[PDB]
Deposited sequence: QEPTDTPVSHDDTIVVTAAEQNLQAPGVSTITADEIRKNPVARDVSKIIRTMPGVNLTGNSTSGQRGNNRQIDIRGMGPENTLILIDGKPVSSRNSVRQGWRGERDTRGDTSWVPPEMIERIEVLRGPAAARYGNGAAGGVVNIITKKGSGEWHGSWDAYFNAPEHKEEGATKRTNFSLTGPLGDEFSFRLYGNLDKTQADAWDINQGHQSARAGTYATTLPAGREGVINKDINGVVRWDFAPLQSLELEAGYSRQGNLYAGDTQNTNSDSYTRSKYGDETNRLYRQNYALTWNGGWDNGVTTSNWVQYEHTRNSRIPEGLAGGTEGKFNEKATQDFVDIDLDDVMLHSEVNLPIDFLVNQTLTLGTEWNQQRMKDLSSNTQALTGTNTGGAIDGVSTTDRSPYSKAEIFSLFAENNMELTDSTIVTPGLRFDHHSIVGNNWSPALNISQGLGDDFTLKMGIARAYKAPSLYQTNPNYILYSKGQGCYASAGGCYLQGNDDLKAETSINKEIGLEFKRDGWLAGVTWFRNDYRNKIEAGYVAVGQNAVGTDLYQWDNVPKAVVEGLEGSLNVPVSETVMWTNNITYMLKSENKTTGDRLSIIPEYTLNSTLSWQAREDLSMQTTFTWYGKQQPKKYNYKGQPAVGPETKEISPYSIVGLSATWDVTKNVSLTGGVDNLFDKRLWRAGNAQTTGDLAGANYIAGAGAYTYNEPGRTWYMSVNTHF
């Protein structure tokens, strides 16, 4: 019998908490400044700030199932992106990066895999929330190429516009060789410095001329090369090198005085930079035998050169991150008593950091370094014609933190009538950062929270993630309901109790483990082939629970439910159109302030449910030219950041900024856009 069973990894793409977005979907929904705009329309995915304090509220990233953006792991072609680790995390979880879903130009994406909960855990370190694996378009050995451009146009200028243009080339490079090359340039203007004027929370005294800043701008440059050697049947070697330069257009958190202040002297300048270099060597092999192997090595070098903000107690300060990842694995089809494919592998990862942070403040440390070594086995077993079980175990040894065991089990059972029952459970793993495990890494906050330092005795974060799903599927019909729950263990947050004062009576805290937190909810999907030419797709997500069991507070600020819906019409064979609709449930902020007291008055403001609609059309004029036009936010529904979620100062004193509650971000208004794709 020659029916091989698919690998556990492939099987897992069928888990109820996995979604795929195609190049076609991407081409019809042109992205402006970030592809997370399309990733967030998947069920169980939200766009939210790094910190539930509302700080850096206009820097939103992909959050999966309410676990927080920090818990989403991004891979490019299966390889982890560590770049975010060159920027230190703040006291409250804020992180001054643009996220990791903007390294790959949108037009270069073949497809996107979004894995959530149990399916995502096998990827190891960093996957507590989920995995977003970005797959690039591959070349075929013959000449092909593309030349594209995109730009939008906000009806309200305060809102920054985006322009993007890119190209790719691929072809034969000899006998057994080939190459792919692509380059990208994009620019997104920063929002106007006074965009939130007339919307700022109440403030006074030293804060009265201050305003909440809008979104910061960005400038991207990228170049990527790949050489592929197809030396044997089912045998290839692939060498990749790439380079990206990401720069900001400053606005900050309070780009606001009406005065010509420090905030206003930088507004629009590049004050922060990221240079990312990645190099990879990949060996994939196959045999008539059924056996496959995948072995690669990646070296990622990231430099963060930023102008520091504030003080303690224009010149760029740099931080360099080095990451080398080794990965090796074989897939063995096996006929024991039942058909099955055994996967066996190992990974080695080393990360080095070189800083320029000693901080007098009257702690000096040059490097940081850590290694993770891993072993893992997975098996995909075909128990019956309708029954599949995939058990797995991953072993991780972290150089500072020790051993971690991560078991997983996903089951799939056909129930007849094109109905399926699916369940999974897995233990996720996230190791603390070079920063959080370093006693030398300190942070001060005017307060006495006073000083916060590393902690070499931190446990890794862990998470038991579960899901049960029911799905009906056929002929373009799809209906599904999924229940999920994560019991999050040892989340690393700023500590809740001093560990002793200093040489002044000044209190010191550590990064520490929160014992328990929970996230629970429901996911639904509904696709209706309305007509041979008309499709209607929908997904809904509803949150039952989000909570840090230690503070009793929310883990992430997201809509209580989110509904996404697309209605598309294939009018001509070369012409389509679509309308897009999203509806958000209400957004409730934190319940308690920094000193554990109930949020009061303004700090408690919620955003009511709201919706945004878009329309767009794509016309393939020739098999070489495509034009796409659309408008986002058809009804111009807008939101403005009013400041951080909570009150700073004293409402009854002379100096203060009233809290914003959940109004921590700008939803941009009606916007026109156009896309021109040229290809062969």
(request) Give the ranges of the deposited sequence, numbered from 1, for which the structure holds no C-alpha coordinates, in sequence order. (result) 1-10, 324-334, 384-399, 486-492
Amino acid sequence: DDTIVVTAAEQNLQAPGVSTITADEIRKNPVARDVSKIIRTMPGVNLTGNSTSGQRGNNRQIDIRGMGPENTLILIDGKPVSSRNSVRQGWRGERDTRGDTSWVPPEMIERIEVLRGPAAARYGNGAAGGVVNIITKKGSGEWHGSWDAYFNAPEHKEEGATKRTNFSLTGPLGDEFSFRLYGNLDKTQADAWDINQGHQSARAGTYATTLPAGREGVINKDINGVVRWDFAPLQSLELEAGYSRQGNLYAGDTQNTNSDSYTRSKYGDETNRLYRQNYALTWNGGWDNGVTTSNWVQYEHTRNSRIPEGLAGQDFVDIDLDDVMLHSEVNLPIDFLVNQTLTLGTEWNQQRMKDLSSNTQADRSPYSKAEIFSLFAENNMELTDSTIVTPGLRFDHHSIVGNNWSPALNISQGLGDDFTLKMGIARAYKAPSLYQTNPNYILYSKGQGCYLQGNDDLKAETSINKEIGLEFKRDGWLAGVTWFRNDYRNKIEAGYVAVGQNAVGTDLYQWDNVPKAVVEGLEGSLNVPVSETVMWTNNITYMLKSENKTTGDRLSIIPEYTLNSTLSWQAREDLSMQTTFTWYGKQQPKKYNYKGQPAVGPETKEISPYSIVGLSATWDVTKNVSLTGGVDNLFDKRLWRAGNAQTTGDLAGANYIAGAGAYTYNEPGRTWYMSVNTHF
From here on, numbers count along this sequence of modelled residues.
(request) State which stretch shows the higher mean Cα B factor in the entry: 396-404 or 127-135. (result) 396-404
(request) Would you determine, from the values in the PDB entry, which of 497-505 and 522-530 has the greater average C-alpha temperature factor? (result) 497-505
(request) Please pick out which of 467, 457, 222, 194 has the largest Cα B-factor as recorded in the entry. (result) 457
(request) From the list 486, 597, 189, 298, select the residue with the highest C-alpha B factor recorded in the entry. (result) 597
(request) Taking the chain's C-alpha temperature factors as the reference, tell me which third residue 676 falls into: lowest, middle or highest. (result) middle
(request) Quick one: classify residue 88 as lowest, middle or highest third of the chain based on its Cα B-factor. (result) highest
(request) Among all modelled residues of this chain, ranked by Cα B factor, put residue 265 in the bottom, middle or top third, i.e. lowest, middle or highest. (result) highest
(message) Based on the deposited C-alpha B factors for this chain, I'd like to know if residue 601 is in the lowest, middle or highest third.
(response) highest
(request) Report the third (lowest, middle or highest) to which the CA temperature factor of residue 461 belongs, ranking only the modelled residues of the same chain. (result) middle
